[PDB]
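Q: no sequence on this one, just coordinates:
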């Protein structure tokens, strides 16, 4: 079923915090690339850029918790 129960939201928050290794408050594009490598992805510049742009409503090169949460809500 599509949905984020509190437990999933907690997991997403923990993951977010971890991926924000810098502790910037936002995951930098590079940290997101590292995260995607941790997720076992194969980055491709154009796809990465476009996906990042879609998620990056406001975070301007970084991804805020809410933006990351939105991504996670969409992708699961």
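A: Sure, I can see it. Residues are numbered from 1 along each chain as shown.
Q: From now on I want contacts and neighbour counts done on CA atoms only, so please keep to that.
A: Will do.
Q: which stretches of the protein form helices?
A: With helices called from DSSP state H, the chain shows them at 6-19, 29-38, 45-55, 65-75.
Q: which residues sit in contact with residue 34?
A: Neighbouring residues of residue 34 by C-alpha atoms under 8 Å, 6 or more residues apart in numbering: residue 19.
Q: From residue 9, how far off is it?
A: Distance, residue 34 to residue 9, by C-alpha to C-alpha, to the nearest Å: 21 Å.
Q: before we move on, what about residue 42?
A: Note on residue 42: its distance to residue 9, by C-alpha to C-alpha, is 26 Å.
Q: Tell me which of these two has more neighbours.
A: Legend: neighbour count by other C-alpha atoms under 10 Å for residue 42 and residue 9, higher for residue 9 (15 against 9).
Q: Now the more buried one: closest residue in space, sequence neighbours ignored.
A: The shortest distance from residue 9 to any non-neighbouring residue, by C-alpha to C-alpha, 6 or more residues apart in numbering, is to residue 69 (7.8 Å).
Q: pretty sure that neighbour contacts residue 14?
A: No. If you go by C-alpha atoms under 8 Å, residue 69 and residue 14 don't touch, sitting 11.3 Å apart.
Q: So for the two, which sits in the more crowded spot?
A: residue 69 (19 against 12).
Q: check contacts around residue 69.
A: The contact partners of residue 69, taken as C-alpha under 8 Å, 6+ apart, are 9, 12-13.
Q: Tell me which residues touch the closest residue to residue 33 other than its chain neighbours, please.
A: Distance criterion C-alpha to C-alpha, 6+ apart; nearest residue to residue 33, sequence neighbours excluded, is residue 43 at 7.2 Å. For residue 43, the contact set (C-alpha under 8 Å, 6+ apart) comprises 33, 36-37.
Q: Now with 10 Å, please.
A: Neighbour list for residue 43: 33-34, 36-37, 49 [criterion: C-alpha atoms under 10 Å, 6 or more residues apart in numbering].
Q: Alright, that wraps it up for me.
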